[PDB]
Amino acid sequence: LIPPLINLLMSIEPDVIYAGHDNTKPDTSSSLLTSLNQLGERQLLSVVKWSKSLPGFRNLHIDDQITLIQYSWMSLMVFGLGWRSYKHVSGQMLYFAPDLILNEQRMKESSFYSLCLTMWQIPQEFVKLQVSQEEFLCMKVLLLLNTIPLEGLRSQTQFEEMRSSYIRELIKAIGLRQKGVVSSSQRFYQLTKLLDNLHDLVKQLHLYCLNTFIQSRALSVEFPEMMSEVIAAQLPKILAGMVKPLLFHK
């Protein structure tokens, strides 16, 4: 049967989040980007709410909690996108929200299309690996815990205990299906290498975000208030490499 912590993770998953996209009039790049930003503002709230129910997290110093969220928001959102796209449309469209699903036709702008192809590697890997919901839920928590400041965290001990606990839980998740030590271990390698590889992908999304943000008035792209602050607070420092990404492999 399903381990308790995984059952809890399932129960604290956010409910479906709508973009609120005006689905009548057609896409310009800038209107589509505004909708994505509006959706991202709703997803950020939902990430912050989720984190308050996530076992272990609230017990870290409040500054660590804020930092871990500001560092991981993009990863969490690309990972969420991959899962939904995998689950709902067999990884063959980008399922941002039920009212915002993008197929190839709706990605005109080449820079944005390039970005979408990059994000698309995640749903493709989920399909290839056949990631279970149980593995995903533990992987997601490890993403929240996958980048820390160069100095480390105020609650460094508690943080490392928490990360360890979700790594064991992922190994439990893997065991639900993957029987046998060699298959289990190869599977662990694969899923944690996927997490390692997300740092690279996410760096491209970070740069595109800060660019679009600085140029927002020239592009007519709207950035809501909470998103604007996470970007202003941390994105230049993150892009400048002034953070320590955690890696499962050398």
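Here the rigid core means the biggest group of C-alpha atoms that line up within 1.5 Å when the two forms are laid on top of each other. In case it trips you up, residue 1 is the first one in the sequence shown, and so on.
What stretch shows more C-alpha movement in 8 other deposited structures of this protein relative to this form, 98 to 106 or 82 to 90, after the core is superposed?
Farther from the shown form on average in 8 other deposited structures of this protein: 98 to 106.
On a core superposition, give the stretch, 208 to 216 or 195 to 203, with the larger average C-alpha separation from this form in 8 other deposited structures of this protein (RMS over structures and residues).
After the core superposition, the stretch with higher RMS deviation in 8 other deposited structures of this protein is 208 to 216.
Specify whether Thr24 falls into a modelling gap in a third or more of the other PDB entries of this protein.
Looking at the other entries that model residues on either side of it, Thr24 is missing from at least a third.
If you take the mean CA temperature factor per stretch, which one wins between 33 to 41 and 193 to 201?
Mean CA B-factor is higher for 193 to 201.
Stretch with the higher entry mean CA B-factor, where the candidates are 99 to 107 and 132 to 140
Comparing 99 to 107 with 132 to 140, the higher average CA B-factor belongs to 99 to 107.
If I read the C-alpha B-factors straight from the PDB entry, which of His206, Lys52, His61, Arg187 is highest?
Each of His206, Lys52, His61, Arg187 was compared by C-alpha B-factor; the highest is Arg187.
Taking the chain's C-alpha temperature factors as the reference, tell me which third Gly82 falls into: lowest, middle or highest.
Lowest third, going by the recorded CA B-factors of the chain.
Lowest, middle or highest third of the chain for the C-alpha temperature factor of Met242?
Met242: CA B-factor falls in the highest third of its chain.
Taking the values exactly as deposited, rank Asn211 by C-alpha B-factor within its chain and report the matching third: lowest, middle or highest.
Middle third, going by the recorded CA B-factors of the chain.
If you rank every modelled residue in this chain by C-alpha B factor, which third holds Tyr113: lowest, middle or highest?
As the PDB entry reports it, the C-alpha B-factor of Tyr113 lands in the highest third of its chain.
C-alpha B factor of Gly180, ranked within the chain: lowest, middle or highest third?
It falls in the top third of the chain.
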